[PDB]
């Protein structure tokens, strides 16, 4: 990111809600990226941290940010079966048709992982 951007990426990946909130209130770039193009929302979605997902969206995170591998936050939430995070992302305009570099949507991932709950809402 920047100085604050890097701290925000690290705090999000480590699931530190309070640290994320303080960084955002002190002006960190909500769409900071690491070298892979991972954003704070990618990382929070990956680890299933509902609070940080909601805080970042409330500070204007790009719900449909794509990393350099074509993953969106919806993909990563689906990878780990995070139902509530999928619901929240969908409700904030997540793109059900976004494809990664294998041509897969979040739905396709739910199907690969045999997750009937996610499959139902990702169509």
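Numbering follows the first chain given and starts at 1.
| query | Per the entry, where is the mean C-alpha temperature factor higher: 36 to 44 or 22 to 30? | reply | The deposited B-factors put 22 to 30 ahead on the C-alpha mean.
| query | For residue 66, does the deposited CA B-factor place it in the lowest, middle or highest third of the chain? | reply | For residue 66, the deposited C-alpha B-factor lands in the lowest third.
| Third of the chain, ranked by Cα B-factor, where residue 92 sits | Highest third.
| task | Taking the values exactly as deposited, rank residue 112 by C-alpha B-factor within its chain and report the matching third: lowest, middle or highest. | result | Highest third.
| What third of the chain, by the recorded C-alpha B-factor, contains residue 77? | For residue 77, whose C-alpha B-factor we compare with every modelled residue in the chain, the answer is the lowest third.
| task | Looking at the entry's B-factor column for C-alpha atoms only, identify whether residue 83 ranks in the lowest, middle or highest third of its chain. | result | Highest third of the chain for residue 83's C-alpha B-factor.
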